[PDB]
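Trainee: So the protein sequences, as listed, match chains L and H.
Sequence positions in the first sequence follow the deposited numbering and run 2 to 9, 11 to 27, 27A to 27C, 28 to 95, 95A to 95B, 96 to 106, 106A, 107 to 209.
Sequence positions in the second sequence follow the deposited numbering and run 2 to 82, 82A to 82C, 83 to 100, 100A to 100J, 101 to 126, 134 to 214.
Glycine included, every Cβ here is placed at the ideal spot set by N, Cα and C.
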Amino acid sequence: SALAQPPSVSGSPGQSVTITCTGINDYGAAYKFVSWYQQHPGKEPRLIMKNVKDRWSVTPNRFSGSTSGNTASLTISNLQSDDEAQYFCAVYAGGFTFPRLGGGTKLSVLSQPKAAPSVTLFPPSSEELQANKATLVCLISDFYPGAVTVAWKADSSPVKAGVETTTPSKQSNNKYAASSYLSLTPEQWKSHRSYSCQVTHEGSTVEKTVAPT
Amino acid sequence: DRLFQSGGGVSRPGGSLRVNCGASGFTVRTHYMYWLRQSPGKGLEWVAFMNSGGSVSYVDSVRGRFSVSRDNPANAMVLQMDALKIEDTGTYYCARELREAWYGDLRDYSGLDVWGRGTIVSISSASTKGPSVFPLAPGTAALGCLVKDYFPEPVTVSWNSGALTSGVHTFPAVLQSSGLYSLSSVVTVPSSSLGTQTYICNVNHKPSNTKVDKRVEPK
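1. When the distance is taken between beta carbons, is residue 10/H closer than 8 Å to residue 41/H?
2. Identify the residues that DSSP records as bridge partners of residue 194/L: which are they?
3. Answer with yes or no whether the minimum CB distance from residue 80/H to chain L is below 8 Å.
4. Identify the contact partners of residue 122/H in chain L, using a Cβ-Cβ distance below 7 Å as the criterion.
5. Please list, in chain order, the chain L residues whose beta carbon lies closer than 8 Å to that of residue 100/H.
6. Evaluate residue 35/H with the Cβ neighbour count: other Cβ atoms within 10 Å of its Cβ, from every protein chain shown; 16 or more gives buried, anything less gives exposed.
7. For the stretch 103-114 of chain H against the stretch 33-48 of chain L, do three or more pairs of beta-carbon atoms, one drawn from each stretch, fall closer than 8 Å, so that the two count as touching?
8. At the 8 Å Cβ level, is residue 95A/L part of the contact set with chain H, yes or no?
9. Which one or two residues does DSSP pair with residue 78/L in a beta bridge?
10. Apart from the five residues just before and just after residue 173/L, which ones in its own chain have a Cβ nearer than 7 Å to its Cβ?
11. CA-CA distance, residue 91/H and residue 98/L?
12. Ends of the beta strand (DSSP E) at residue 186/L?
13. Tell me which residues share the same chain as residue 97/H and place their Cβ nearer than 8 Å to its Cβ, disregarding the 5 neighbours each side in the sequence.
14. Using a Cβ-Cβ cut-off of less than 9 Å, give me the residues of the stretch 175-209 of chain L that come near chain H, in sequence order.
15. Please report how far the alpha carbon of residue 64/L lies from the alpha carbon of residue 21/H, in whole angstroms.
16. Closest to residue 191/H by C-alpha separation, out of 203/H, 125/H, 212/H, would be which residue?
17. Does the stretch 177-190 of chain H come close enough to the stretch 185-194 of chain L that 3 or more CB-CB pairs lie under 8 Å?
18. Measuring CB to CB, does residue 103/L end up less than 8 Å from residue 9/L?
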């Protein structure tokens, strides 16, 4: 399966940040070649770094890698606005068919103080239920930086099907907004005790719960 | 060394599309090549691998539906996509991987150093469609309008024909896997105004000549 990366890291301009990549030795003892890729929004990925710490082409001295056997690290110093991007680690060894990919880290360069999200969760309306449909609406606003993870639960177990979540987009007040929708059948809605929208942001979580009523 | 792409596009479930991947500076047919895809706002996932000898490996979820072939006169490879599903929507990339291997003994590995810019693939059963508008029932209270399942963009939303603007937040739409859009608009009002001040969201979707005024009432 996949390597483990934080969904997001953030750092202040001038400072340094480290993106970690764990699980490198979950599949054998063969030497692992670790590569890092940078992808700006709307653009294709770019190879940054190979063999943990060997910089690729015109990757500045600011990008360095280290490694702890099971966790490889990419450290970016003198952080600046161009560094805002998604970063993917990859591990290849002899015998792999595909390199293993990490899930990606969104890197944010803080140009203002962090702001926690406000979260509003609406249950399905009886009008929509009458149309044999059910939509849970989770509205997320006023956060910074613009990176959130949204998870849904039915009672206490995670739900993945029927979830549609926007990419965060800048509000007029310079913080961000996002929406997540959980589509259910009316039978699914009524047959559970509650549904929950969980919003993770800079390692903190807000959870809102609704119940058929 | 450059890769360039073309093709892709829009198709109903079950249809077919093709993505091309050509090289300059090197020949596809002597290099290790990869296809990847990325669902919007998500991460990279593998699609197919072609080694320098031309054997192709597929991820399980596309085997039997997708096939990769060499087009040597165009110094290219082609991703033929048949029996398309909703899950196949995304931006598709081809890439070249640099490695040093004698026999099956890898000596060095650089990674995917050359990438195409990506080709958009959209699997959708969507055509022009007006939205269904549902009320989101409400110190202060938050009430709103859910504007569900419309196509194409955009819809506009106002409240009380524009007499109510303070406290309004209309959220960017979500593009669903169906290919349809949905958005919500929510307004924050004094709770003492509920059941004495009427709240109506005015939704307009000019591509389908649909206008909806929904009264949003307290439960």
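Mentor: Based on what the coordinates show:
1. The Cβ atoms of residue 41/H and residue 10/H lie no closer than 8 Å to each other.
2. Paired residues: 147/L, 203/L.
3. At a cut-off of 8 Å, the C-beta of residue 80/H has no neighbouring C-beta in chain L.
4. Going along chain L in sequence order, the residues near residue 122/H (Cβ under 7 Å) are 121, 123, 124.
5. Listed along chain L is no residue with a C-beta nearer than 8 Å to that of residue 100/H; the closest approach is about 11 Å.
6. Around the C-beta of residue 35/H, 16 or more other C-beta atoms lie within 10 Å, and the residue is accordingly described as buried.
7. The answer is yes - the stretch 33-48 of chain L touches the stretch 103-114 of chain H, with three or more Cβ pairs under 8 Å.
8. Residue 95A/L has a beta carbon lying within less than 8 Å of a beta carbon in chain H.
9. According to DSSP, which records beta bridges pairwise, residue 78/L is partnered with nothing at all.
10. 136, 137, 164, 165, 167, listed in sequence order.
11. Looking at the two C-alpha atoms, the distance is approximately 15 Å.
12. Unbroken run through residue 186/L is the alpha helix (DSSP H), 182-187; no beta strand (DSSP E).
13. Excluding residues within five positions, the ones whose Cβ falls inside 8 Å are 33, 100D, 100F, 100G, 100H.
14. Contacts with chain H (Cβ-Cβ distance below 9 Å) from the stretch 175-209 of chain L involve 175, 176, 177, 179, listed in chain order.
15. Rounded to the nearest angstrom, the two C-alpha atoms are 34 Å apart.
16. The shortest C-alpha separation from residue 191/H is found at 212/H.
17. Between the stretch 185-194 of chain L and the stretch 177-190 of chain H, the count of C-beta pairs closer than 8 Å stays below three; the two stretches do not touch.
18. If you check the CB distance, residue 103/L and residue 9/L come in under 8 Å.
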